[PDB]
Amino acid sequence: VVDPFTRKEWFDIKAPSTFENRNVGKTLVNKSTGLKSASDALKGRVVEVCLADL
RNA sequence: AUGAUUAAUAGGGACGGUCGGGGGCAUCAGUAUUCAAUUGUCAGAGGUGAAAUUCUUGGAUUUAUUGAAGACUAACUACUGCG
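All the letters of the first sequence, read from the start, carry residue numbers 20 to 73 under the entry's author numbering.
Structure (structure tokens):
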């Protein structure tokens, strides 16, 4: 009764300059609300990507 | 002729370069195991020849991040080694 998919943004993942393809992909985060931010729910994530893609 | 038999493909001991998973463990680890904290998601997850006992909005199972305890040291591993 909530449909939680149409309340999220999309953020573009960026790789360091040591690699050449610096666009990895996109991810979803919830909205920022009262004493609940989107950044602190985002600052811990680890992305696994093949080095052949970078 | 002044006086000691060889130097055992017997044994012991010295020496030389090695060899080995041989003999307490100090930690250095380990894509894993029930557990703990946080995160996303929505209905089942186990388990079996079929099932049931069990756990499931207190969100199970799955997913991510970070931890803490826990034979051996998987694969390498063999008609191979050491005692």
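Even for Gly, the Cβ is constructed at its ideal location relative to N, Cα and C.
Give the DSSP-derived three-state secondary structure of residue i in the structure shown.
{"i": "residue 38", "result": "coil"}
Sorted by chain position, which residues of the same chain lie with C-beta nearer than 7 Å to residue i's C-beta, five sequence neighbours on each side aside?
{"i": "residue 44", "result": "32"}
{"i": "residue 72", "result": "40"}
Mind checking whether residue i and residue j have CB atoms under 9 Å apart?
{"i": "residue 50", "j": "residue 27", "result": "yes"}
{"i": "residue 30", "j": "residue 52", "result": "no"}
{"i": "residue 65", "j": "residue 34", "result": "no"}
Keeping to the same chain, check which residues put their C-beta closer than 8 Å to that of residue i; ignore five residues upstream and five downstream.
{"i": "residue 60", "result": "48 and 49"}
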